[PDB]
Structures are given as C-alpha cells and as structure tokens.
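In what follows, one protein chain appears twice in different forms, each by itself as structure tokens: structure 1 and structure 2.
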Structure 1
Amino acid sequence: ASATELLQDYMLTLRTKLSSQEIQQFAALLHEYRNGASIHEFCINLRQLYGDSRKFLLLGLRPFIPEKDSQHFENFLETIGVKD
C-alpha cells in the first residue's frame, strides 16, 4: 500500500472522528509541516487538536513522517501514552 493510498484511508478515518473545522486544522498542520515546520511543533499541535480522547488516531500518521523525524515522532508517541 502506497503512501498515497494510506493517506486516503487515513483521511477517510479522520473524517469519522474529527469535525469539519478540525479536518481543515489537520490539513493546515500537515501543510506547515511538509513545508519545513519542525516535527516538535507538528506533534504538540496534533496532540492538542486530537486531544486525549482521540490520541490513538496518531498512530495512523506513522506512514507520513519522513525518516529524518521518525525517532522524534516515535518518542512523542511513547510520551503521550499511545505506546503503553
């Protein structure tokens, strides 16, 4: 399964859990990040957006994080408790 396909599946999932406004917040975050914003900022903002109650949806973003930021992202996931 390609990243393109994975992202289509992921967005279909997100639209069942996030509101219309949250989905566009997500889009804008993924956009700032793909354009040079730091992984630290991306992660903290995602956490705030999804909130505690939807944090497990963050696992699904794995395929979209570039290898350079993979360690930071995995550590983030561990820290907020989605890898417990």
Structure 2
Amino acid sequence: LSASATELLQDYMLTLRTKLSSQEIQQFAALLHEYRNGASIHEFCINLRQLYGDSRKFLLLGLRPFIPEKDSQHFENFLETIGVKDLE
C-alpha cells in the first residue's frame, strides 16, 4: 500500500466521518462488507445507489481506486451510467 493510497484512505475515512449519519455509516459498512466477502460488484453498485441515490458524488468517485481490477470496468460503467460525472 503506497503512501498516496494511505493518504487517499485517510481522506476517505475523514470524509465519511464528516458527511455520513450513523445509519448511513452502518449501511455502507454492511454492503461493503458483503462485497468484500464475495458478493457481486453488481449488488455492490445497487446497494450504493440505493444508499446515496444521486447524492454523495464525492464518496462514489473516491471508491474507484479501491475497486479490484476485475470489477473496475463494471464500476466505471456504473458511475458513467448513473451520471456521477454529470453535474447538470
């Protein structure tokens, strides 16, 4: 884990602490843990979208480097599809 990845991780955790409610933190922890234990990237994206909707764009963009290589393309397609990079 590089120094830059370390920085990104710290930044992400801080942003989570600043932005999310206890409930949101619990839900994200749950769905992320499910994905970590072997659940599909598809279900991960569904759960993320159900959690954030069109909001929390920063937190979705920040996940991209963390997505495993084999699931990265699906995640990018997801972000592009739901319009995370589209402000208006």
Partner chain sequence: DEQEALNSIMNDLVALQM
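Residue 1 is the first residue of structure 1, and the numbers go on in sequence order from there. Think of the rigid core as the biggest set of C-alphas that the two forms share within 1.5 Å after superposition.
Identity of the form solved without its partner chain among structures 1 and 2
That would be structure 1.
Tell me, please, whether between structures 1 and 2 the C-alpha of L49 is shifted by 2 Å or more, with the rigid core used for superposition.
Comparing the forms between structures 1 and 2, which are aligned on their rigid core, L49 does not shift its C-alpha by 2 Å or more.
With both forms fitted on the core, check whether the Cα of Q8 differs by 2 Å or more between structures 1 and 2.
True for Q8: a C-alpha shift of 2 Å or more.
How much does the C-alpha of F64 shift between structures 1 and 2, in angstrom, given a rigid core superposition?
C-alpha displacement of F64 between structures 1 and 2: 1.5 Å.
Core-fitted comparison between structures 1 and 2 - CA shift at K17, Å
A shift of 2.0 Å at the C-alpha.
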